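For the record, the sequence lines run as chains M and H.
The first sequence begins at 558 in the deposited numbering and counts up by one.
The second sequence begins at 635 in the deposited numbering and counts up by one.
Even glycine gets a Cβ: it sits at the ideal position worked out from N, Cα and C.
Here's the structure, in structure tokens; my notes come after.
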Amino acid sequence: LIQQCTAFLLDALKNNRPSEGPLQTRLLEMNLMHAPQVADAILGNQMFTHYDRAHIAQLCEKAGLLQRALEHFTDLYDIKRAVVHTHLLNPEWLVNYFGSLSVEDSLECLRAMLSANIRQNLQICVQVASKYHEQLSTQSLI
Amino acid sequence: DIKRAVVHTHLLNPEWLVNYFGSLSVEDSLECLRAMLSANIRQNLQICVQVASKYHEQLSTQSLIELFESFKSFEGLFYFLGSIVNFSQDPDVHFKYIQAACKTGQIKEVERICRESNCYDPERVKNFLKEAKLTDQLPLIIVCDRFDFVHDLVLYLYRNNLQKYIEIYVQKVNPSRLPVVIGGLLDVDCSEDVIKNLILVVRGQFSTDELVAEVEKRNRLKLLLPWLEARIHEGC
């Protein structure tokens, strides 16, 4: 029972003393193959602090976990690939907005996403512009 | 004949259509949907994809897939193979599938299946790549070295251009093949200071042995000495 022994290890992880990054790292790695829903609570509790965010991001990449892969870009700031992957399809709605918002490199991000701006991200760029212009409605925008 | 209500397919109920498809489709309705595509509005288009995924499921005839690819069909055959790519191992149809992903970019969803589906001929497809230039490709920088044909590949690339794909490759994908890559670069007599600067970039799987091998096979090790200084100064 990998599931239940992993759960018991998780119960141990509730205390920071048994909370040892690599152990719970492997636990979450198995979860990514089995159940990603728990990864939300894990990210709340200890994930970003204890885990190898790079390896886990690569895992969620290969596993098609784009939404928590956004949490990973938030963990990793993977500039070109975060840009292109967001450019792919419908992301975590406001999470992507702020992640883009929470950087001054959203400039070049939008340059990229606009170089290939298919009609999907067509309006949303102007929409999120109504999240940066509000601090800097620069002629850079025009 | 029965191939007359194909006009009302613009409005007609596909349920009793599939019912009439239970019969009349034993190598028969193929020509009916064929004529429908001879008048292929978008209405008699998606339903034809659906009925293609109604007979291949009962008879995955290669004649069907051939008459299918006879047209553009790239998205139609895309979904069609998406119903078949699993548990099917024909190299040609898989290459057609990847090329369809190239038609409208569905590579991110295929470059992973190129890793998954390795039941094909990477030589032909990599020749196609060297012919069909995507100008932003990253399926061969994954799957060709997954099959390890990248020596003469990166040779040809250096011949045309090699700026960052080398870099992102050795960074995320694989710094373990980095040695033979460097060796090829030495065979083509590149600018070695570039390789040096890459070594200065944080390395993944990388060690002293392969590095000194690379620097000795050209007997021009006058480059890695600051790397060794850093190694020993840090205590390694």
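With contact counted as at least three CB pairs below 8 Å, one residue from each stretch, are the stretch 804 to 814 of chain H and the stretch 775 to 784 of chain H in contact? Flag = yes, the stretch 804 to 814 of chain H and the stretch 775 to 784 of chain H touch.
Judging by CA-CA distance, which residue of H:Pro648, H:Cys778, H:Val719, H:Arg837 is the nearest neighbour of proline 756 of chain H? For the residues H:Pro648, H:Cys778, H:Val719, H:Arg837, the minimum Cα distance to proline 756 of chain H belongs to H:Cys778.
Listed from N- to C-terminal order along the chain, which residues in the stretch 725 to 755 of chain H have their beta-carbon within a distance smaller than 8 Å of any beta-carbon of chain M? Flagged, chain order: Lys742, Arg746.
Considering just the uninterrupted stretch of the alpha helix (DSSP H) at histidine 642 of chain H, what are its terminal residues? For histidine 642 of chain H, no alpha helix (DSSP H) run applies, since DSSP gives it neither H nor E.
Return the chain-ordered list of same chain residues with a C-beta closer than 8 Å to the C-beta of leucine 711 of chain H, the five sequence neighbours on each side being excluded. Closer than 8 Å at Cβ, skipping near neighbours: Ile699, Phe702, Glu703, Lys730, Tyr731, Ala734.
Given that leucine 645 of chain M touches chain H, what residues does it touch there, using C-beta distances under 8 Å? Result: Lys742.
Give the single residue among H:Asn853, H:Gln839, H:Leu859 whose Cα lies nearest to the Cα of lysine 830 of chain H. Closest option to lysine 830 of chain H, Cα to Cα, is H:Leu859.
Rounded to a whole number of angstroms, what is the C-alpha to C-alpha distance between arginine 638 of chain H and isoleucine 675 of chain M? Straight-line Cα distance between these residues: approximately 39 Å.
Over the uninterrupted alpha helix (DSSP H) stretch that includes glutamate 765 of chain H, give me the two end residues. Taken as a continuous stretch (DSSP letters only), the alpha helix (DSSP H) holding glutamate 765 of chain H covers 756 to 765.
Let me make sure I understand the geometry here. Which of H:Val828, H:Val685, H:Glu850 has the alpha-carbon closest to that of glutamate 649 of chain H? Nearest in C-alpha terms to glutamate 649 of chain H, of all of H:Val828, H:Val685, H:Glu850, is H:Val685.
Report yes if the CB atom of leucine 622 of chain M is closer than 8 Å to the CB atom of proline 593 of chain M, and no otherwise. Yes, the Cβ-Cβ distance between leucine 622 of chain M and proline 593 of chain M is below 8 Å.
Contact defined as beta carbons within less than 8 Å: I believe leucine 566 of chain M pairs with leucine 584 of chain M. What is the distance between those atoms, to the nearest angstrom? Beta-carbon to beta-carbon, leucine 566 of chain M and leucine 584 of chain M are separated by about 6 Å, close enough to satisfy the 8 Å threshold.
So, does the stretch 652 to 661 of chain M touch the stretch 625 to 642 of chain M, judging by three or more C-beta pairs under 8 Å? As far as the Cβ criterion goes, the stretch 652 to 661 of chain M touches the stretch 625 to 642 of chain M, which means the pair count is three or higher.
Rounded separation between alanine 564 of chain M and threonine 582 of chain M - CA only: Cα atoms of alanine 564 of chain M and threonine 582 of chain M: separation of roughly 13 Å, rounded to the nearest angstrom.
How big is the Cα-Cα spacing for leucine 715 of chain H and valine 727 of chain H? Taking the CA atoms as reference points, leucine 715 of chain H sits about 8 Å from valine 727 of chain H.
Residue nearest to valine 660 of chain M in terms of C-alpha spacing, selected from M:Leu580, M:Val640, M:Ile599, M:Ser672: Proximity to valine 660 of chain M across M:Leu580, M:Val640, M:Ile599, M:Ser672 peaks at M:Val640, based on C-alpha coordinates.
Beta-carbon proximity check, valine 807 of chain H vs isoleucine 776 of chain H, cutoff 8 Å: Yes, these two residues count as a Cβ contact at 8 Å.
Taking only three categories from DSSP, how would you classify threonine 769 of chain H? DSSP places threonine 769 of chain H in coil when its eight states are reduced to three.
For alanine 611 of chain M, which residues from the same chain have a beta carbon less than 7 Å from its beta carbon, with the 5 sequence-adjacent residues on both sides left out? Answer for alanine 611 of chain M: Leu633, listed in chain order.
Would you please state the rounded distance, in angstroms, between the beta carbons of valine 719 of chain H and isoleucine 747 of chain H? I believe it to be under 8 Å. Confirmed, Cβ separation roughly 7 Å.
With DSSP as the reference, label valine 719 of chain H as helix, strand or coil. Three-state DSSP puts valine 719 of chain H in coil, outside helix and strand.
Report back the beta-carbon spacing between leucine 789 of chain H and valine 822 of chain H to the nearest angstrom; my notes put them in contact at under 8 Å. Under the criterion of beta carbons closer than 8 Å, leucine 789 of chain H and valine 822 of chain H qualify as touching, at roughly 6 Å.
Can you tell which of M:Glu665, M:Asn647, M:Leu570, M:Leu679 has its C-alpha closest to the C-alpha of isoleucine 599 of chain M? For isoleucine 599 of chain M, the closest of M:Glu665, M:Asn647, M:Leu570, M:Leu679 by C-alpha to C-alpha distance is M:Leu570.
Taking Cβ to Cβ, would you say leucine 763 of chain H is nearer than 8 Å to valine 804 of chain H? When the beta-carbon positions are compared, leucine 763 of chain H and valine 804 of chain H stay at least 8 Å from each other.
Taking only three categories from DSSP, how would you classify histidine 785 of chain H? Three-state DSSP puts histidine 785 of chain H in a helix.
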